[PDB]
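Asker: Below is the structure I would like to discuss, written out as C-alpha cells.
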Amino acid sequence: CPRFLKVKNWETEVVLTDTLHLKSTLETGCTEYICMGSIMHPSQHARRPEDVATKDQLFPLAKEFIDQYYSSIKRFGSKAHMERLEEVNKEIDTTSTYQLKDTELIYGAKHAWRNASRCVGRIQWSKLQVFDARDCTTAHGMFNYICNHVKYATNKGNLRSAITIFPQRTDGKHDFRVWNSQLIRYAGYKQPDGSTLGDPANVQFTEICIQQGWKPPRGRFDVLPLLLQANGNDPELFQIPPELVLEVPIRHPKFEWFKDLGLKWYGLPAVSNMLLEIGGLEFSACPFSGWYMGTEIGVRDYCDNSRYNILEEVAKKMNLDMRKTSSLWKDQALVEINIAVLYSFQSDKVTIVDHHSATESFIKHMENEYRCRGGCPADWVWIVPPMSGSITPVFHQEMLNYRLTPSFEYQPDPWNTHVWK
Amino acid sequence: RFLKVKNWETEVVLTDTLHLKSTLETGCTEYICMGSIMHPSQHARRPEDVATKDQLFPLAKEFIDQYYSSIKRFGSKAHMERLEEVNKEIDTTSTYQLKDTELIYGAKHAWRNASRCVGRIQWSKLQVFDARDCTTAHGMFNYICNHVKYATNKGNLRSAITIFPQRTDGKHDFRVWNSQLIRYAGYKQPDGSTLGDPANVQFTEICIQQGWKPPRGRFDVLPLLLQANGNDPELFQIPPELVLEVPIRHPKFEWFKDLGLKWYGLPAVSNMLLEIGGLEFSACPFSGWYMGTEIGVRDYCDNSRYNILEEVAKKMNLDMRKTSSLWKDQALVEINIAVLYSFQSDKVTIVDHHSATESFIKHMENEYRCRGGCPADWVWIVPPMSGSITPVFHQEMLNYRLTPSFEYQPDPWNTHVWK
Ligand code: HEM
Ligand code: HEM
Ligand SMILES: N=C(Nc1ccc2c(ccn2C2CCNCC2)c1)c1cccs1
Ligand SMILES: N=C(Nc1ccc2c(ccn2C2CCNCC2)c1)c1cccs1
Ligand SMILES: C[C@H](O)[C@H](O)[C@H]1CNc2nc(N)[nH]c(=O)c2N1
Ligand SMILES: C[C@H](O)[C@H](O)[C@H]1CNc2nc(N)[nH]c(=O)c2N1
Ligand SMILES: [Zn+2]
C-alpha cells in the first residue's frame, strides 16, 4: 500500500493526508476487483463464537495492543512496558489467556469507539465512562450492573456515554451475553391476520421472551424484558424498573394533532449485542450507550416501511396530495416528523443531536484526527444521514474506510448458537 | 465465488456471478475501501496512457468475443473472420475501426456498465450518432446541433450519444471543452462573490479570453468550445431555438416564480471518455433526461453552487436561528417540488427520485436474472435527499468495473499547447 493517501472535500476543497491506514490489521471485505462498501455485514466485520484465539494466535495480538497502549502513555520501551509484555506472555503461556489491567481496559474501550468507522458521534470518544463488570458471575449480577449503567447514563435526561464490560470469552462455552439487541427496545407482535403490533424489528426476540415466560402486555410501545446469559448458562428474564426507562412523548411545535398519533420513544440508545475486541480478547457482553441523532428515530424507526411506517398517517393528517410520488408527499411528511422528534426531546431536556450539528461536528473531529493521529477511518454509507444527505457536510467529504483494533464487531445471535442446559 | 446481495427491506437476495468477468481494478484492497473517493485512478483515462499494438489486440479480442457472444454467434464464421480482420488491422496501422454494429453495441454497454447511473433501465434505448468522419470544429458543431435537436424533441426527451473520432497519437484528440453541452456561465465579482453558476467560473473565463462576449447574467447559456484533431478550440453559439429551458415555479407558493429561477431541460455530458475494445473516444457527448434532485438539491442547494436555501427559507418565513428547526430540510423539499412541477407543467421529461430508484431496483432484478449481476455504486445511486425512504438505500450493491465503459479524463486546458 502507498504510504500517503489523500482525501478531498469537494465543497471546501480541503485535502487531508492519511497515514493511519498503514496500521490496519483487519480486512474490509473489498478486493482490488470488487468493492463491498454497501454490504451491511461482511464476514470481516463479525466474530463467530469459535475463532477463539489459540495460544500462538494470542501472543502477537496481545503484544500489538500492549505496545500501542504504552506508546499512548509516552512510555514505549520503558521498564514498565517490558515488564508488562513479559507478564502477559507468561500468563498466555500458563493459562492460554490474560487479564487486562483496568487502565488498559479503559484505553481499549475508548479506542474501539474511536476506531468505529460507522459512528458519526466519535468527537466524544475520549469521554466514555467505563464500568468494569469482569467480576460478575450470575444473570442477577448482570441485571444489577445493567440497571446501574442505565441509571448513570440516563442522568435524568443529561445523557452520559458509558460502557459496561462483562467477563471475556474463555473456551466459548461460558460466554456472557445480553440477548437483547439494545437494553431498551419495544416489543413487536405478529398477528394471525398478518399485521404487526409494536415494533416489527423486534418480533423474533419478543417471541423468544414470550417462550421464556414473559407475559406480554401486547401494546404498541411495550418495553421488552432483559434476557441475560451469564457464564454460558441458560438466559434469564428481568424487568427493567420502569422509573429507569426515560421516554419522550412526541409532539410537534406547529401541528397540535401530532400528539394524537400516540407516538413516543425511549431516550437512551444502548447497543447490547456487539462484541468488543481488545488485544485478542473477546468481550461478548459489552453494552454501550450514547445519545440519539434525531434521524435514527424520525427517519428509520418511524418511517422505514418495515418499522412503525407512519408516513401515510402523517401525510393524511397534513392533508397532502398522496396520489403521485412527484408531489413529494413522503419527503414533506418525513421532515415534519423529524422536526417533531427533535422538538420533543429538546422540550423535555433529553440529550439529542440533529443531523446538521452531528455531521458538522464529525467533520471537525475527522480533521483533528487526520492532523493529530494521521487519519480517521470512516464509512460514508453509514456516516451520511438517511435524509437530506447532500445538505450535510459529510456528503461532500471523501472518506477512507479501514479496520483498526481495538474494535467493536458483530457476532451471531446467541439463540442460534446456545446449547440449552 | 458467487456473491450475494440482500435488500434489507424486502429480504430479496440476489446472486452475483457477473463480477467474475471484470479485469479492471476498483481502487479498494482487502485492507482499505475507497468507495467514497470520487475519482480514483481506476475511473480515469490519461492521454499518455494511449494503447500500443501489443496492448490493443487482447482488448480488441475481448470485445469482439463478447459482442459475438451477445448475438449468440460465438465461434461462428463471422466471428472468426472479424478477429482475423481486426488482428491484421492493428498489425498494419497500430489501431482498428469498429463496425457500425459494434459501435452501437459498445455505446449501449458502456451505459449498461455505468455503476453510478440510476437511469440504466433505459440502457438499450439509446440513439447512437456516428460522427467518426468529422474533421473540423465546424463539423463538430453541426453534429452537436443535430444531437441537441434530436434529443430535445420538443420536450419529449430521447437518450442519445454522438461519437467523434477516436484517439490516435494523443496529439490529435477531439474534445468538447464544455462539461455539458448546455450549462450556465459563472462570473467572479469584484466584491468576491460569484454571479451565475460557480461550477463553471473557470470554463467561463476561458470563453471570455477566447473572445466570447459575456452578458453577465445569472443564467447565460455558455457557447460551445470545440476542439477537432488536436487543433485550437473554436467558439460556437448554439441556436437559441434549440435550447429548451424551464422557468421554475411552485404549485402553492405563488412567490416562488419571483425568485427568477430557471434550468435547462437537456442534461448532456460532454467531457467523459468512452472506451470500447481498447479504443478511446475522447469526445462522446451523451444525453438523457434529469432526475429532479440533480437540479433541486445539488444545482440549486449545494453551498458551492446556486446556494438558494437561505433565500427560499426567508420567503417561507422559517425560523432560521437553529439547525434543529430543520429549516434547510423544509426549504429543500419545497424547492424540489417546484422543479418537478415546473418540468411536468411544460411537458419536459423528468423523473422524481422515488420513481427513478424504484425503476433501478427493477433494473437490478432484470440484470441479475438475465446477466448474472449489475455493478452499482451505492454512494452515487442513493439520491442526495430522503435517502432511506427510497428503496435503493436498503439495497446492498456490488461495485466492479466492466468494459466498455465511460471514464473521466483530464480537462483539456491542462494539456493543450496553443498554436
Ligand atoms: C455520544 C453520542 C453518540 C452518537 C450521537 C452516535 C451516533 C451514531 C449513529 C447515528 C450511528 C448509526 C446507527 C444506526 O444507523 O443504526 C452510530 C453507530 C455506531 N456507534 Fe455511535 N454514537 C454515539 C456514541 C457511541 C458510543 C458511546 C459508542 C461505543 C462506545 C458508539 C459506537 C458505535 C458503533 C460501533 C457504531 C457502528 C456499528 C457498526 O459498525 O455497524 N457510539 N453512532
Ligand atoms: C435516460 C435517463 C437517465 C437518467 C434519469 C440518468 C440519471 C443519472 C443520474 C441522476 C446520475 C448522477 C449524476 C450526478 O450526480 O452528477 C447519473 C450518472 C451517470 N449516467 Fe445516467 N441517467 C440517464 C441516462 C444516461 C445515459 C443515456 C448515459 C450514457 C449513454 C448515462 C451515463 C451515465 C454515467 C456514465 C454516469 C456516472 C458518471 C460516473 O461514472 O461518475 N446516463 N445518471
Ligand atoms: N446513537 C446510537 N444509535 C445506535 C443505535 C443502534 C446501533 C448503533 C450501532 C449498532 N446499532 C445497531 C446494531 C444492530 N443493527 C441495528 C443497529 C447505534 C447509539 C447506541 C449506542 C451508543 S450511541
Ligand atoms: N441525468 C443526467 N445527469 C447527469 C449530470 C451530470 C453528469 C452525469 C454523469 C457525469 N456527470 C458529470 C460529470 C462531471 N462531474 C459532475 C457529473 C449525469 C444525465 C446526463 C447525461 C445523460 S443522463
Ligand atoms: C444496504 C445498505 O448498506 C444499508 O441499507 C445501510 C445503508 N446505510 C446505513 N447507515 C446507517 N447509519 N445505518 C444503517 O442501518 C444503514 N443501512
Ligand atoms: C465524497 C462523495 O463521494 C461525493 O460527494 C459524492 C457522493 N455521492 C454522489 N452521488 C451522486 N449521484 N453525484 C455526486 O456528485 C456525488 N458526490
Ligand atoms: Zn471498497
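Going through the C-alpha cells in order, the chains are called A, B, and so on, while each chain numbers its residues from 1 and the ligands are numbered from 1 in the order shown.
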Which residues of chain A come within 7 Å of chain B, and for each one, what is the closest pair of atoms and their distance in Å to one decimal, counting only C-alpha atoms, sorted by chain and residue number, as CSV?

Answerer:
residue,atom,partner,partner_atom,distance
A:11,CA,B:304,CA,6.1
A:24,CA,B:31,CA,6.7
A:26,CA,B:31,CA,6.7
A:27,CA,B:31,CA,4.9
A:28,CA,B:31,CA,5.5
A:29,CA,B:30,CA,6.1
A:30,CA,B:30,CA,5.2
A:31,CA,B:29,CA,4.7
A:32,CA,B:29,CA,4.8
A:33,CA,B:25,CA,4.8
A:34,CA,B:400,CA,4.8
A:35,CA,B:399,CA,5.1
A:36,CA,B:398,CA,5.7
A:37,CA,B:35,CA,6.1
A:38,CA,B:396,CA,5.5
A:39,CA,B:396,CA,5.3
A:304,CA,B:389,CA,6.7
A:306,CA,B:9,CA,6.2
A:325,CA,B:354,CA,6.5
A:326,CA,B:352,CA,5.7
A:327,CA,B:337,CA,6.0
A:328,CA,B:337,CA,6.4
A:331,CA,B:386,CA,6.3
A:332,CA,B:333,CA,6.3
A:335,CA,B:330,CA,6.4
A:339,CA,B:325,CA,6.1
A:342,CA,B:324,CA,6.6
A:354,CA,B:324,CA,5.6
A:356,CA,B:323,CA,6.5
A:380,CA,B:36,CA,6.4
A:381,CA,B:379,CA,6.7
A:386,CA,B:387,CA,5.1
A:387,CA,B:386,CA,4.2
A:388,CA,B:385,CA,4.1
A:389,CA,B:384,CA,5.0
A:390,CA,B:384,CA,5.0
A:391,CA,B:302,CA,6.7
A:398,CA,B:37,CA,5.3
A:399,CA,B:36,CA,5.9
A:400,CA,B:34,CA,5.8
A:401,CA,B:33,CA,5.1
A:402,CA,B:32,CA,4.9

Asker: Would you mind exporting the chosen residues as a tab-separated table (two decimals), in the first residue's frame, restricted to N, CA and C atoms?

Answerer:
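Saved file result01.tsv follows:
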chain	number	residue	atom	x	y	z
A	11	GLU	N	-16.68	20.28	-1.42
A	11	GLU	CA	-17.34	21.54	-1.16
A	11	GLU	C	-16.34	22.62	-0.76
A	24	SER	N	-3.74	-0.67	9.67
A	24	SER	CA	-4.89	-1.55	9.60
A	24	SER	C	-4.45	-3.01	9.77
A	26	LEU	N	-7.14	-5.59	10.14
A	26	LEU	CA	-8.30	-6.40	9.85
A	26	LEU	C	-8.78	-6.06	8.44
A	27	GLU	N	-9.45	-7.02	7.81
A	27	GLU	CA	-9.91	-6.86	6.44
A	27	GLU	C	-11.25	-6.13	6.38
A	28	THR	N	-11.50	-5.50	5.23
A	28	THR	CA	-12.72	-4.75	4.95
A	28	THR	C	-13.79	-5.56	4.22
A	29	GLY	N	-13.39	-6.55	3.43
A	29	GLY	CA	-14.31	-7.27	2.58
A	29	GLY	C	-14.15	-6.95	1.11
A	30	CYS	N	-13.62	-5.78	0.78
A	30	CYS	CA	-13.37	-5.48	-0.62
A	30	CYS	C	-12.15	-6.25	-1.11
A	31	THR	N	-12.01	-6.31	-2.43
A	31	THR	CA	-10.79	-6.76	-3.10
A	31	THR	C	-10.40	-5.68	-4.09
A	32	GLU	N	-9.32	-5.93	-4.84
A	32	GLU	CA	-8.92	-4.95	-5.84
A	32	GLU	C	-9.87	-4.92	-7.03
A	33	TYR	N	-10.71	-5.96	-7.18
A	33	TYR	CA	-11.62	-6.04	-8.31
A	33	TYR	C	-13.08	-5.87	-7.94
A	34	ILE	N	-13.42	-5.81	-6.65
A	34	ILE	CA	-14.81	-5.60	-6.26
A	34	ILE	C	-14.84	-4.81	-4.96
A	35	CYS	N	-15.76	-3.87	-4.88
A	35	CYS	CA	-15.98	-3.09	-3.67
A	35	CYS	C	-17.27	-3.54	-3.01
A	36	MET	N	-17.19	-3.86	-1.72
A	36	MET	CA	-18.33	-4.32	-0.94
A	36	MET	C	-18.75	-3.28	0.09
A	37	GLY	N	-18.50	-2.01	-0.22
A	37	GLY	CA	-18.74	-0.93	0.70
A	37	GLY	C	-20.17	-0.78	1.17
A	38	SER	N	-21.15	-1.29	0.42
A	38	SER	CA	-22.53	-1.15	0.85
A	38	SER	C	-23.10	-2.43	1.45
A	39	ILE	N	-22.28	-3.47	1.61
A	39	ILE	CA	-22.72	-4.70	2.26
A	39	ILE	C	-22.81	-4.46	3.77
A	304	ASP	N	-39.25	3.92	8.15
A	304	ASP	CA	-38.95	2.72	7.37
A	304	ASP	C	-40.24	1.95	7.16
A	306	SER	N	-40.60	-1.11	6.91
A	306	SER	CA	-40.56	-2.32	7.73
A	306	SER	C	-40.54	-2.02	9.23
A	325	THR	N	-46.18	10.27	-6.67
A	325	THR	CA	-44.92	10.36	-5.93
A	325	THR	C	-44.25	11.71	-6.11
A	326	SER	N	-44.45	12.35	-7.27
A	326	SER	CA	-43.73	13.57	-7.61
A	326	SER	C	-44.25	14.79	-6.86
A	327	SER	N	-45.35	14.68	-6.11
A	327	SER	CA	-45.68	15.74	-5.17
A	327	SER	C	-44.75	15.75	-3.97
A	328	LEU	N	-43.94	14.70	-3.80
A	328	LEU	CA	-43.01	14.55	-2.67
A	328	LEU	C	-43.74	14.61	-1.33
A	331	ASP	N	-41.60	13.03	1.30
A	331	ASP	CA	-40.50	13.87	1.75
A	331	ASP	C	-40.99	14.96	2.69
A	332	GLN	N	-42.13	15.58	2.37
A	332	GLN	CA	-42.67	16.63	3.23
A	332	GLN	C	-43.00	16.10	4.61
A	335	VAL	N	-39.83	15.33	6.86
A	335	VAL	CA	-39.24	16.48	7.56
A	335	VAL	C	-40.04	16.82	8.81
A	339	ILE	N	-38.74	17.13	12.67
A	339	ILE	CA	-38.94	18.32	13.49
A	339	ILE	C	-39.57	17.93	14.83
A	342	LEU	N	-37.06	16.11	17.33
A	342	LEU	CA	-36.08	16.99	17.95
A	342	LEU	C	-36.74	17.94	18.93
A	354	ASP	N	-29.21	17.00	16.29
A	354	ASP	CA	-29.76	16.96	14.94
A	354	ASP	C	-28.66	16.56	13.95
A	356	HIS	N	-27.61	17.97	11.26
A	356	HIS	CA	-26.72	19.04	10.80
A	356	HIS	C	-25.60	19.26	11.79
A	380	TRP	N	-18.63	6.08	4.66
A	380	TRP	CA	-19.53	7.09	4.12
A	380	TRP	C	-20.97	6.59	4.10
A	381	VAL	N	-21.16	5.33	3.72
A	381	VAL	CA	-22.50	4.75	3.60
A	381	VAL	C	-23.28	4.88	4.90
A	386	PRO	N	-29.70	9.49	6.84
A	386	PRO	CA	-30.68	8.89	5.93
A	386	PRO	C	-31.68	9.86	5.31
A	387	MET	N	-31.62	11.15	5.64
A	387	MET	CA	-32.37	12.17	4.91
A	387	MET	C	-31.45	13.36	4.66
A	388	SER	N	-31.79	14.15	3.64
A	388	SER	CA	-31.12	15.42	3.35
A	388	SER	C	-29.60	15.27	3.21
A	389	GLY	N	-29.17	14.15	2.62
A	389	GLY	CA	-27.75	13.81	2.62
A	389	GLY	C	-26.84	14.94	2.17
A	390	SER	N	-27.12	15.51	1.00
A	390	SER	CA	-26.14	16.44	0.44
A	390	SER	C	-26.20	17.83	1.05
A	391	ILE	N	-27.15	18.13	1.94
A	391	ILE	CA	-27.07	19.44	2.59
A	391	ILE	C	-26.36	19.30	3.93
A	398	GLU	N	-14.81	13.04	0.98
A	398	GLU	CA	-14.21	11.74	0.73
A	398	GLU	C	-13.72	11.15	2.05
A	399	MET	N	-13.94	9.84	2.21
A	399	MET	CA	-13.52	9.12	3.41
A	399	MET	C	-12.76	7.87	2.99
A	400	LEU	N	-11.86	7.43	3.86
A	400	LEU	CA	-11.19	6.15	3.71
A	400	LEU	C	-11.72	5.22	4.79
A	401	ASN	N	-12.10	4.01	4.41
A	401	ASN	CA	-12.59	3.04	5.39
A	401	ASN	C	-11.58	1.91	5.55
A	402	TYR	N	-11.22	1.63	6.80
A	402	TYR	CA	-10.31	0.55	7.12
A	402	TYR	C	-10.52	0.19	8.58

Asker: For residue A:298, work out the shell of residues within 7 Å, counting only C-alpha atoms and skipping chain neighbours fewer than 5 positions away, then give it as a PDB file with N, CA and C atoms, in the first residue's frame.

Answerer:
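Below is the file that was written, part.pdb:
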ATOM      1  N   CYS A 303     -40.214   5.793   9.991  1.00  0.00           N
ATOM      2  CA  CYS A 303     -40.616   5.924   8.599  1.00  0.00           C
ATOM      3  C   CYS A 303     -40.145   4.798   7.690  1.00  0.00           C
ATOM      4  N   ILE A 337     -41.930  14.994  10.697  1.00  0.00           N
ATOM      5  CA  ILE A 337     -41.755  14.004  11.759  1.00  0.00           C
ATOM      6  C   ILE A 337     -40.431  14.225  12.470  1.00  0.00           C
ATOM      7  N   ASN A 338     -39.400  14.606  11.722  1.00  0.00           N
ATOM      8  CA  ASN A 338     -38.100  14.791  12.346  1.00  0.00           C
ATOM      9  C   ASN A 338     -38.020  16.104  13.113  1.00  0.00           C
ATOM     10  N   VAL A 341     -39.574  15.062  16.480  1.00  0.00           N
ATOM     11  CA  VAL A 341     -38.690  14.293  17.362  1.00  0.00           C
ATOM     12  C   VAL A 341     -37.714  15.216  18.078  1.00  0.00           C
TER      13      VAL A 341
END

Asker: Where in stretch 217-337 of chain B does DSSP assign helix (DSSP H, G or I), given as a VMD selection string?

Answerer: chain B and resid 240 to 242 254 to 259 292 to 301 309 to 315 323 to 325 327 to 337

Asker: Could you name the residues that touch stretch 89-94 of chain B at 8 Å or less, counting only C-alpha atoms, but leaving out those on the same chain fewer than 3 positions away, as a PyMOL selection string?

Answerer: chain B and resi 52-53+56-57+85-86

Asker: Name all residues at most 9 Å from stretch 250-258 of chain A (count only C-alpha atoms; drop same-chain ones fewer than 4 positions away) and give them as number ranges by chain.

Answerer: A: 262-265, 314, 317-318, 336-337, 339-345

Asker: Distance table requested - chain A against ligand 5, cut-off 12 Å, only C-alpha atoms and all ligand atoms: one row per qualifying residue with the closest atom pair and its distance in Å to one decimal, ordered by chain and rising residue number, as a Markdown table.

Answerer:
| residue | atom | partner | partner_atom_place_in_ligand_line | distance |
| --- | --- | --- | --- | --- |
| A:36 | CA | ligand 5 | 3 (O) | 9.2 |
| A:37 | CA | ligand 5 | 3 (O) | 7.5 |
| A:38 | CA | ligand 5 | 3 (O) | 4.0 |
| A:39 | CA | ligand 5 | 3 (O) | 5.1 |
| A:40 | CA | ligand 5 | 3 (O) | 4.7 |
| A:41 | CA | ligand 5 | 3 (O) | 8.5 |
| A:42 | CA | ligand 5 | 3 (O) | 10.4 |
| A:116 | CA | ligand 5 | 12 (N) | 11.9 |
| A:117 | CA | ligand 5 | 12 (N) | 10.6 |
| A:118 | CA | ligand 5 | 12 (N) | 6.9 |
| A:119 | CA | ligand 5 | 12 (N) | 7.7 |
| A:120 | CA | ligand 5 | 12 (N) | 8.3 |
| A:121 | CA | ligand 5 | 12 (N) | 11.0 |
| A:292 | CA | ligand 5 | 12 (N) | 11.7 |
| A:293 | CA | ligand 5 | 12 (N) | 10.0 |
| A:294 | CA | ligand 5 | 12 (N) | 11.8 |
| A:295 | CA | ligand 5 | 12 (N) | 9.4 |
| A:296 | CA | ligand 5 | 12 (N) | 7.9 |
| A:297 | CA | ligand 5 | 13 (N) | 11.5 |
| A:299 | CA | ligand 5 | 13 (N) | 10.7 |
| A:300 | CA | ligand 5 | 15 (O) | 8.2 |
| A:301 | CA | ligand 5 | 15 (O) | 10.4 |
| A:304 | CA | ligand 5 | 5 (O) | 10.6 |
| A:355 | CA | ligand 5 | 12 (N) | 11.2 |
| A:359 | CA | ligand 5 | 12 (N) | 11.8 |
| A:378 | CA | ligand 5 | 12 (N) | 11.5 |
| A:379 | CA | ligand 5 | 10 (N) | 8.8 |
| A:380 | CA | ligand 5 | 8 (N) | 8.2 |
| A:381 | CA | ligand 5 | 8 (N) | 4.8 |
| A:382 | CA | ligand 5 | 10 (N) | 3.3 |
| A:383 | CA | ligand 5 | 12 (N) | 5.8 |
| A:384 | CA | ligand 5 | 10 (N) | 7.1 |
| A:385 | CA | ligand 5 | 12 (N) | 6.5 |
| A:386 | CA | ligand 5 | 10 (N) | 6.8 |
| A:387 | CA | ligand 5 | 10 (N) | 10.6 |
| A:389 | CA | ligand 5 | 10 (N) | 11.2 |

Asker: Atoms to include: C-alpha atoms. Write the selected residues as a compact mmCIF listing (two decimals), in the first residue's frame.

Answerer:
# COMPACT_ATOMS: atom_id res chain seq x y z
CA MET A 36 -18.33 -4.32 -0.94
CA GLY A 37 -18.74 -0.93 0.70
CA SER A 38 -22.53 -1.15 0.85
CA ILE A 39 -22.72 -4.70 2.26
CA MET A 40 -24.15 -4.41 5.76
CA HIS A 41 -22.47 -7.40 7.47
CA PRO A 42 -19.40 -8.65 5.63
CA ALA A 116 -15.65 2.64 14.84
CA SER A 117 -15.74 3.79 11.23
CA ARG A 118 -19.55 3.82 11.08
CA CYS A 119 -20.03 6.12 14.10
CA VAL A 120 -20.74 9.80 13.42
CA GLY A 121 -20.58 10.57 17.15
CA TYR A 292 -29.57 9.70 19.73
CA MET A 293 -29.17 11.54 16.47
CA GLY A 294 -32.72 12.55 15.67
CA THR A 295 -32.89 10.86 12.26
CA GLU A 296 -32.35 7.47 13.91
CA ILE A 297 -35.87 7.81 15.35
CA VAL A 299 -36.40 8.63 9.70
CA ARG A 300 -35.57 4.98 10.36
CA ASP A 301 -37.59 3.86 13.41
CA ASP A 304 -38.95 2.72 7.37
CA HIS A 355 -28.11 15.62 11.80
CA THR A 359 -22.22 15.86 10.81
CA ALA A 378 -14.96 6.40 8.15
CA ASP A 379 -17.75 4.54 6.33
CA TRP A 380 -19.53 7.09 4.12
CA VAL A 381 -22.50 4.75 3.60
CA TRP A 382 -23.22 4.90 7.36
CA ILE A 383 -21.97 8.41 8.21
CA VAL A 384 -24.20 10.29 5.73
CA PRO A 385 -27.64 10.68 7.38
CA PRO A 386 -30.68 8.89 5.93
CA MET A 387 -32.37 12.17 4.91
CA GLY A 389 -27.75 13.81 2.62

Asker: For stretch 229-245 of chain B, find every residue with an atom within 7 Å (counting only C-alpha atoms), except residues of its own chain fewer than 2 positions away, and show them as a ChimeraX atom specification.

Answerer: /B:135,137,145,148-149,171-174,223-227,247,262-265,418-419

Asker: Could you turn the residues from that selection into a file that holds N, CA, C and O atoms, as a compact mmCIF listing (two decimals), in the first residue's frame?

Answerer:
# COMPACT_ATOMS: atom_id res chain seq x y z
N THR B 135 -13.94 16.11 -39.09
CA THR B 135 -12.55 16.58 -39.13
C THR B 135 -12.32 17.99 -38.60
O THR B 135 -11.16 18.34 -38.37
N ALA B 137 -13.85 21.65 -36.22
CA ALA B 137 -14.74 22.10 -35.16
C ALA B 137 -16.10 22.52 -35.72
O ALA B 137 -17.12 22.38 -35.04
N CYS B 145 -25.39 20.18 -32.85
CA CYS B 145 -26.71 20.78 -33.06
C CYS B 145 -27.75 19.71 -33.38
O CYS B 145 -28.87 19.75 -32.87
N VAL B 148 -28.58 17.80 -30.21
CA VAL B 148 -29.43 18.57 -29.31
C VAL B 148 -30.87 18.61 -29.82
O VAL B 148 -31.82 18.41 -29.06
N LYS B 149 -31.04 18.87 -31.12
CA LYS B 149 -32.38 18.91 -31.69
C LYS B 149 -33.06 17.56 -31.55
O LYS B 149 -34.24 17.48 -31.18
N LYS B 171 -2.02 13.55 -29.71
CA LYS B 171 -1.82 14.94 -30.11
C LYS B 171 -2.90 15.44 -31.05
O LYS B 171 -2.83 16.58 -31.51
N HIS B 172 -3.89 14.61 -31.36
CA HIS B 172 -4.93 14.92 -32.34
C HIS B 172 -6.31 14.66 -31.77
O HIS B 172 -7.24 14.30 -32.51
N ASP B 173 -6.47 14.82 -30.46
CA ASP B 173 -7.72 14.49 -29.80
C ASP B 173 -8.84 15.41 -30.24
O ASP B 173 -8.65 16.62 -30.41
N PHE B 174 -10.02 14.82 -30.42
CA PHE B 174 -11.26 15.57 -30.44
C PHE B 174 -11.74 15.76 -29.01
O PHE B 174 -11.77 14.81 -28.23
N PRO B 223 -21.32 29.35 -24.67
CA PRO B 223 -21.04 28.88 -26.02
C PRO B 223 -20.35 27.52 -26.00
O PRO B 223 -19.75 27.12 -24.99
N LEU B 224 -20.44 26.82 -27.13
CA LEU B 224 -19.65 25.61 -27.31
C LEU B 224 -18.21 25.97 -27.66
O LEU B 224 -17.96 26.87 -28.46
N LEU B 225 -17.27 25.26 -27.03
CA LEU B 225 -15.84 25.40 -27.28
C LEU B 225 -15.34 24.04 -27.76
O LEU B 225 -15.23 23.10 -26.96
N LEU B 226 -15.06 23.93 -29.05
CA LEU B 226 -14.89 22.63 -29.69
C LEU B 226 -13.49 22.49 -30.28
O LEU B 226 -13.03 23.37 -31.01
N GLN B 227 -12.85 21.36 -30.00
CA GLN B 227 -11.50 21.05 -30.46
C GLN B 227 -11.56 19.82 -31.36
O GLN B 227 -12.00 18.75 -30.93
N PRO B 247 -38.79 27.71 -16.74
CA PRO B 247 -38.87 28.59 -15.58
C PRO B 247 -39.47 27.84 -14.39
O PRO B 247 -40.47 27.14 -14.53
N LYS B 262 -34.53 29.34 -13.25
CA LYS B 262 -34.81 28.55 -14.45
C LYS B 262 -33.77 27.44 -14.49
O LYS B 262 -32.78 27.46 -13.77
N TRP B 263 -34.02 26.45 -15.35
CA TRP B 263 -32.97 25.50 -15.68
C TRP B 263 -33.19 25.04 -17.12
O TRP B 263 -34.22 25.32 -17.72
N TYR B 264 -32.20 24.34 -17.65
CA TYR B 264 -32.33 23.78 -18.99
C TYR B 264 -32.85 22.35 -18.92
O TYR B 264 -32.65 21.64 -17.92
N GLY B 265 -33.52 21.92 -19.99
CA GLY B 265 -34.16 20.62 -19.95
C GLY B 265 -33.26 19.46 -20.29
O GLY B 265 -33.55 18.33 -19.89
N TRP B 418 -1.27 25.70 -27.22
CA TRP B 418 -1.96 26.59 -28.15
C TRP B 418 -1.06 26.99 -29.31
O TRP B 418 0.01 27.58 -29.10
N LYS B 419 -1.50 26.71 -30.53
CA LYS B 419 -0.79 27.19 -31.71
C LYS B 419 -1.40 28.51 -32.18
O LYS B 419 -1.22 29.55 -31.53

Asker: List all protein, DNA and RNA residues that have any atom at most 10 Å from ligand 4, counting only C-alpha atoms and all ligand atoms, and write the list as an MDAnalysis selection string.

Answerer: chainID B and resid 38:39 111 114 116:120 158:161 179:181 199 265:272 285:295 350:351 406:409

Asker: Any residue with an atom at most 9 Å from ligand 3 counts, using only C-alpha atoms and all ligand atoms. Which are they? Put them as a PyMOL selection string.

Answerer: chain A and resi 118-121+161-163+181-182+268-274+287-294+296+352+410

Asker: Pick out the residues sitting within 10 Å of residue B:98, and hand them over as JSON, numbers by chain; count only C-alpha atoms, and ignore anything fewer than 6 positions along from it in its own chain.

Answerer: {"B": [60, 64, 86, 104, 106, 276, 277, 279]}

Asker: Which polymer residues have any atom within 6 Å of an atom of stretch 142-159 of chain A, counting only C-alpha atoms, with same-chain residues fewer than 5 positions away left out, as a PyMOL selection string?

Answerer: chain A and resi 244+350-351

Asker: Selection from above, N, CA and C atoms, as a PDB file, in the first residue's frame, can you write it?

Answerer:
ATOM      1  N   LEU A 244     -36.481   3.705  35.634  1.00  0.00           N
ATOM      2  CA  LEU A 244     -35.184   3.836  34.995  1.00  0.00           C
ATOM      3  C   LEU A 244     -35.277   4.026  33.481  1.00  0.00           C
ATOM      4  N   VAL A 350     -33.945  16.178  27.184  1.00  0.00           N
ATOM      5  CA  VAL A 350     -33.283  14.899  26.959  1.00  0.00           C
ATOM      6  C   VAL A 350     -32.302  15.087  25.812  1.00  0.00           C
ATOM      7  N   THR A 351     -31.033  14.764  26.063  1.00  0.00           N
ATOM      8  CA  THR A 351     -29.977  14.974  25.077  1.00  0.00           C
ATOM      9  C   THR A 351     -30.323  14.330  23.746  1.00  0.00           C
TER      10      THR A 351
END

Asker: Find, counting only C-alpha atoms and all ligand atoms, the residue in A:395, A:176, A:415, A:111 that gets nearest to ligand 2.

Answerer: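 The closest residue to ligand 2 is A:395.
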
Asker: Any idea what the distance is between atom CA of residue A:392 and atom 14 (C, counted along the ligand's line) of ligand 6?

Answerer: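 Rounded to one decimal, the two atoms are 13.3 Å apart.
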
Asker: Between atom 32 (C, counted along the ligand's line) of ligand 1 and atom CA of residue A:126, what is the distance, to one decimal in Å?

Answerer: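 Straight-line distance from atom 32 (C, counted along the ligand's line) of ligand 1 to atom CA of residue A:126 works out to 12.2 Å.
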